[PDB]
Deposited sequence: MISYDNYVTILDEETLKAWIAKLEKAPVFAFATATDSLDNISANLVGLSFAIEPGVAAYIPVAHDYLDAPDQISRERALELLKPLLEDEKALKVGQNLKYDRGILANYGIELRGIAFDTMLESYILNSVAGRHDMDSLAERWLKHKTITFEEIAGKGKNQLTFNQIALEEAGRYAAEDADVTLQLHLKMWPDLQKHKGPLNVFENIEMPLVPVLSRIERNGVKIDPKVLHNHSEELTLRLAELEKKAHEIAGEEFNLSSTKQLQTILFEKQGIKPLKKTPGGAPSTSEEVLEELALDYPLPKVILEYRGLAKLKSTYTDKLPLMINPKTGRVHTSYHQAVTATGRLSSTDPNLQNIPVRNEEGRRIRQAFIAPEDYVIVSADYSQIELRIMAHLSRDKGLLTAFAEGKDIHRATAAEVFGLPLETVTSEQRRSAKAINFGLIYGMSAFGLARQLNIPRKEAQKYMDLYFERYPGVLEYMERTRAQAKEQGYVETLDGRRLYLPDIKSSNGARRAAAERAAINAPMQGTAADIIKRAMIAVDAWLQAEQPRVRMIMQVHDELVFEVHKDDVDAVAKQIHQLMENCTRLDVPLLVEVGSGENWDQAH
């Protein structure tokens, strides 16, 4: 166990300056801020920890204020002495999720530079699916060392202490150990990270630079109108009441809108085919099947849809408004997805209905501040463009090249008719095929998504591959090397290890092969999106225009732009995104603006 003998507690300036001096000449050093809250914008710095060498670490408490806390260097004094080191881009720091720490220092007007290594990201890039990338997991997996957990020194549940309440020495064991271990983790992973140029390229030029940019995005937050959401909520309550009646009115008596219990004894008991509908879900939905004619399942279907939306966004969002900023600050997770795409939580921006009227009403709540407008810059069907590239298909590429709708272009080729005549059903069919390929779906699954018989769908796929051969090759070639080397790469070098690529298991291995085909396109989209964020943020930081990047969701970047700078800014954002990222994939950036996110979306 870690005792009080392992690390020093710095309580005097002289000792701090001595450490600063050593830190200044160290090649790299681990750094971490201790605070009184997870909420970055409102958190107060409570202490700082540093590790200069394995086994050599210190904790500097500055704002522990429990009853009779011993004297500590003051926060302002510690920070003024540390500021130079922290803002020196030449002083390289190592840390665990430095995005957090960068933000905390930003509450004090300090701009952390030299953000060179993040062990969370080192781990993530080495093998995204190896397991969780939190430090407790990393310490165990890479060093067979069990770190003191936050719950171990602070407690659990509502009665969990905030770090400033923890005794100086106990706080030190926890924080200094974290610093020491972070440096050790770095010393083990960094050498590994260079066994391959692809992962190294992604780590160095994409993930690390993105660290401060995500901090800025999160800290900027988004402006949401609580009234709009509340009115939406009141309304949904009403509609839910109306819908519950129309359900009672279509049938007899009352009942819960829970199928396989009350519904099955209604819907089919009043004729229909016995199978219900799993809310398994996005492949088998008999409720909406019947919905095309049977009125009850259609209302049950919408009832649930609004119920989920209301309790997830309409009633939640307003409560996420931060009292200190009056804005909402989503949590971006940079090391969680298997493919490399950023994920978002509280709120989860990506689960807000795109093609739905209610989803749009939610986005109407994301408003621009006075004299500003919301600007949306989206990469039009980037993953389809990436496949065209990865497939080297002159046909798909040409379609994009002449600005034609690729779904109608594809239909014209598969069904063999003039582009102008392609019907909605045919476009819908080519669309299902195209997106089916990205997820590497089978002819049978496609049949289930287009409601056509098996082999009929296979008939369509054979025609597709015949008209677009380069796609089948890519797929065969990608499933191939996947088994050859156990992983697939993105254009930049990002890797997705596929352990079950030879699982001798049924589904599990089928899943691995699908991931093999998809990852390279979805992963390349992610690298492209991150590189865009980095390029735009660099311009923002350098030119200092009147714009804030406020969100990243799916394939779009969202901003607040001063109403009088819109055109010059829209132009610049547009050029940076489709011309200052990768030059090999045919990219198209759609830019829109409006008073709210829906207007610009």
{"query": "Stretches of the record's deposited sequence for which the structure holds no C-alpha atoms", "finding": "280-283"}
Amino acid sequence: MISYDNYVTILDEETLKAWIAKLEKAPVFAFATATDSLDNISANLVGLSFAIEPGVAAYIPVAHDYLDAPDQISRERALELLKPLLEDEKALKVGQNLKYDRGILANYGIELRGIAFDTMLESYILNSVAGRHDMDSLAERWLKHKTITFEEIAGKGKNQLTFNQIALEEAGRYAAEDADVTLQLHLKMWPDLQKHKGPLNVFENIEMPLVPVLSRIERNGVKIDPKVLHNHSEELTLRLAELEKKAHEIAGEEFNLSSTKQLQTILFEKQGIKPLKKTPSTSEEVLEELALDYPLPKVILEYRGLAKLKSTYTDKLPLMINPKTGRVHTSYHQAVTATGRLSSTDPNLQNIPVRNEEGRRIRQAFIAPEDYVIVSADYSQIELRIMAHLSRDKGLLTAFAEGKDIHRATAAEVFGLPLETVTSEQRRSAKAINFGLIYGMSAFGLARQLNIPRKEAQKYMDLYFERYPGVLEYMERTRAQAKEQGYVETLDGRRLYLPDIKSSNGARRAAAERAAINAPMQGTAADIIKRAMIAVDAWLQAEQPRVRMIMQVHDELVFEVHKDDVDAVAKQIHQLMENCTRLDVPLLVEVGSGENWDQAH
From here on, numbers count along this sequence of modelled residues.
query	finding
95-103 or 426-434, whichever carries the higher mean Cα B-factor	426-434
Mean temperature factor over C-alpha atoms, higher-scoring stretch between 355-363 and 161-169	355-363
Maximum C-alpha temperature factor, selected from 282, 147, 344, 339	282
Given 122, 89, 371, 253, the residue at which the Cα B factor reaches its maximum	253
B-factor third for the C-alpha atom of residue 268 within its chain	highest
Relative C-alpha B-factor of residue 513, binned into the chain's lowest, middle or highest third	highest
CA B-factor placement of residue 349, once the chain's modelled residues are sorted into thirds	middle
Third of the chain, ranked by Cα B-factor, where residue 580 sits	highest
Assigned third (lowest, middle, highest) for the C-alpha B factor of residue 140	middle
